[PDB]
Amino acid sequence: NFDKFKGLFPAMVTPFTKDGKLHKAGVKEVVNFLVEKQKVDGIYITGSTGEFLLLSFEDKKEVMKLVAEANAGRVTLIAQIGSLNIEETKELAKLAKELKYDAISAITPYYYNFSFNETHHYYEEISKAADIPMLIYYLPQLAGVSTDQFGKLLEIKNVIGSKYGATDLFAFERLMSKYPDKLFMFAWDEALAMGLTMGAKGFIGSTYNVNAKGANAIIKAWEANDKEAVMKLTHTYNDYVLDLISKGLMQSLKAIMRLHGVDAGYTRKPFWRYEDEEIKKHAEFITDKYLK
């Protein structure tokens, strides 16, 4: 079953010290905050929100092991392990398998307009590296890609589905219609209820790091058929999303966590470093408005 892939999966921040060192103690404290205080169903690690492009190859493995250790099998684990370095991505798949990750994902080849063919080969080679379920990222165009064409990706060995993060809910509806056998994790935080309505059961998002409660409220209202409440709670949540990102996203999440006694550290360069007081007031503003 995909039962373990139901519910909320924050895209986990990766804690760094002020000087840009991987803050190992922080990683564990974050995982504990998510499992125990946020009460998440799973954790999605080393994605965009985890600052993965700013992590060294060894930083990556360290975080994967540290997370595995802190979780202690309590919640579902997914590691985002894709990069342009195919050999590193292969070892990472093995390491995910070894550490008992529930699934992996790999972001679409970026920067260059890599072709459908190149993308297919990218994902094909990675599937032979280990037997661990794979989620691909949704990709509208590569050099110029039909919902039929994306099906070819979906059928590669070990691929169970797709992380769907595009703002295009018609494509999402078309995929849910064509591939009812595949798992689609919905990655568009401000359209959670929309997601639910076309059959999404699992959600990966940055914003669930510190407001799983507000997101679960929408899901619980939806299952209980309180349609008015689905609307009001969504308006509130999307208020929260927009207030949140009036300062840098990862700086805000890390500050909110620090305000809650979690050692979540700081972003790396080149992300902007705010004055401690400025980001503290922002953390308080979000916390007081939304997270009581």
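All residue numbers refer to positions in the sequence shown, first residue = 1.
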| item | value |
| --- | --- |
| Unresolved deposited residues in the interval that joins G144 and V145 | 1 to 3 |
| Of 38 to 46 and 22 to 30, the stretch whose C-alpha atoms average the higher B-factor in the entry | 22 to 30 |
| 199 to 207 versus 99 to 107 - which carries the larger mean C-alpha B factor in the record | 99 to 107 |
| Per the PDB entry, maximal CA B factor within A129, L77, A72, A191 | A129 |
| Residue, from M185, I86, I219, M134, that the PDB entry assigns the highest Cα B-factor | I86 |
| Entry-reported Cα temperature factor of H120, expressed as the chain third it lands in | highest |
| Chain third (lowest, middle, highest) by recorded CA B-factor, residue given as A166 | middle |
| Modelled-residue ranking by C-alpha temperature factor, third containing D181 | middle |
| CA B-factor ranking of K289, expressed as a third of its chain | middle |
| Record-listed C-alpha B factor of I81: chain third | middle |
